[PDB]
Amino acid sequence: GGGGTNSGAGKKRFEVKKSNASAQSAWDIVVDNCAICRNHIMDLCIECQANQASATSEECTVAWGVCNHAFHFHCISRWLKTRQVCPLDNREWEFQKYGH
Ligand SMILES: [Zn+2]
Ligand SMILES: [Zn+2]
Ligand SMILES: [Zn+2]
């Protein structure tokens, strides 16, 4: 057998914060808010806060997903109306608990 070469320092070139585009990455997905409207969990939705929801303003509508997801029931219902899969998981959405 044998060994490798000895890593020598001093061959360092000065690095520059240099990127073609400022969009290095996106932001992580959160279930403590409704990603669909991008409003806080179990609270008022997009328009709904401006709209003046007439039921509960504490919570417009919320539903939990078996897939460890949390969205607004309103938002997820519209989503499901057009899509069969989670906006985040890209897996078929399943209702854990929604209530009404
Ligand atoms: Zn929502
Ligand atoms: Zn709503
Ligand atoms: Zn899911």
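Note: ideal-geometry Cβ built from the backbone for every residue, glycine included; neighbour counts use all protein chains shown. Read-outs throughout are calculated quantities, based only on the coordinates presented, and are distinct from any laboratory measurement.
For residues that are within 18 Å of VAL31 (Cβ to Cβ) and either away from ligand 2 (no atom under 12 Å from the Cβ) or not charged (D, E, K, R) (or both), tally how many sit in segment 41-100.
Total satisfying the criteria: 41.
State the number of residues belonging to segment 71-97 that are in a loop (DSSP other than H, G, I, E, B) and exposed (fewer than 15 other Cβ atoms within 10 Å of the Cβ). Please lay out each step first, then the result.
So in segment 71-97, the residues in a loop (DSSP other than H, G, I, E, B) come out as 72, 83-84, 86-91, 93-94.
Still in the list and also exposed (fewer than 15 other Cβ atoms within 10 Å of the Cβ): 83-84, 89-91, 94.
So the answer is 6.
Kindly indicate the residue of segment 42-70 that is assigned to a helix (DSSP H, G or I) and not hydrophobic (A, V, I, L, M, F, W, C) and also farthest from ligand 1 (Cβ to nearest atom) among those meeting that condition.
Per the criteria, the residue is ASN51.
So the check is Cβ under 7 Å with 6+ separation or different chains; which pairs have a first residue in segment 39-63 that's over 18 Å from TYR98 (Cβ atoms) and a second one that's not in a strand (DSSP E or B)?
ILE46/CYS37; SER57/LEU44
Could you check, for segment 14-30, whether at least one of its residues is within 30 Å of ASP89 (Cβ to Cβ) and surrounded by 10 or more Cβ atoms within 10 Å (Cβ to Cβ)?
Yes - at least one qualifying residue is present in segment 14-30.
Kindly check whether there is at least one residue in segment 7-25 that is within 16 Å of ligand 3 (Cβ to nearest atom), in a loop (DSSP other than H, G, I, E, B) and under 28 Å from the mean Cα position of the chain (by Cα). Can you show your working first?
Taking segment 7-25 and keeping what is within 16 Å of ligand 3 (Cβ to nearest atom), we get none.
No, the conditions are met nowhere in segment 7-25.
If you scan segment 48-65, which residues turn out to be aliphatic (A, V, I, L, M) and either in contact with a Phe, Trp or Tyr (Cβ under 7 Å, 6 or more places away or on another chain) or surrounded by 15 or more Cβ atoms within 10 Å (Cβ to Cβ) (or both)?
The answer is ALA53, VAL62, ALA63.
Being in a loop (DSSP other than H, G, I, E, B) and within 11 Å of ligand 2 (Cβ to nearest atom) is the filter here, so list the residues in segment 26-40 that pass it.
Matches in segment 26-40: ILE36, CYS37.
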